[PDB]
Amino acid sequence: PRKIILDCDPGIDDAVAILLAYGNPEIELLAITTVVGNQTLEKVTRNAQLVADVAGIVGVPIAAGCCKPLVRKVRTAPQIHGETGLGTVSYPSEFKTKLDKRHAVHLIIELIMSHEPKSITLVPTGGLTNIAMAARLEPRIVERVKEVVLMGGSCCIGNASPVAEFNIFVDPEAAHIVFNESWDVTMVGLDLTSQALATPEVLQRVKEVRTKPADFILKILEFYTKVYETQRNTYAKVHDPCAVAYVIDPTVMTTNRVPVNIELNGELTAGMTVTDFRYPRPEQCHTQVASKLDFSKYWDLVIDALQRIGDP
């Protein structure tokens, strides 16, 4: 199995990504680390604990990371994930899954420096603040990581701005750090995740798993669906598990190696992932961008993970 660290900001689709990573046997989930983004750090961390309580995730540390972007002001997304960050779910008075005492940045560094070289894939699905901080605090992690597979970016059409995707937009400086390090980066951007639609058939399949964790996922996906239908005129785009799915089986999506850099100073374009598709593409390009999704394979992976989790 592939060892990963899942760095996230749950977040309704982050929650699905946690359960895909936990339920799929090709993934060894070493840690869930949280970052400010969809909601404040306090809220997304509580949300990660709720997901772990729901699915019975034991032995996987949950560590809270950065509560602010590197440079820019905090921006949250309650219009998409709700004031709580998980729609209309309710919370227990106390969580079974306790928080790790280590800052996420410290846990990321410790895991990378103590595991064998080239064995851990970083899977960020929120802003890149923790990843950037870790890379600058312990530069030896950059060559030691297997690769980075992140949900974020967009070649053309944004969501947080006309041209920028939310995870990059909320911390462009951190994204610039990650994309300009020498490690291999796979950008699973909106071009790809716009295809990860929670169609009625998908929601029906989740309902038919017939477990409490699947009921939980269906509940938050039904909230997420109403927001996307109302605010965006589409079915809900379940972005973040696409990054975990690539690690499970890269044939779940096509990719193209192209140069990618992060715009920091544009008036209209700050937070854009600027991609260069012009001919010729440079050789030994360390960045690749995802393009076409195997829709059936993707949702089969999500459903299979929910089936394997069962009713803990």
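A residue's number is simply how far along the shown sequence it sits, counting from 1.
- Per the PDB record, of the two stretches 118 to 126 and 202 to 210, 202 to 210 carries the greater mean B-factor over its C-alpha atoms.
- For the pair 292 to 300 and 10 to 18, the mean Cα B-factor is higher in 292 to 300.
- Of all the options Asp171, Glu165, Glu83, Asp240, the entry's greatest CA B-factor is assigned to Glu83.
- Of the candidates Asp276, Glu267, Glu283, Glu263, the one whose C-alpha carries the top B factor in the deposited record is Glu283.
- When the modelled residues of the chain are ordered by C-alpha B-factor, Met272 sits in the lowest third.
- Sort the chain's modelled residues by C-alpha temperature factor and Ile4 lands in the middle third, per the entry.
- In this PDB entry, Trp183 carries a Cα temperature factor that places it within the middle third of its chain's modelled residues.
- Remark: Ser154 belongs to the lowest third of its chain, ranked by C-alpha B-factor as recorded.
- The entry lists a Cα temperature factor for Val227 that places it in the highest third of the chain's modelled residues.
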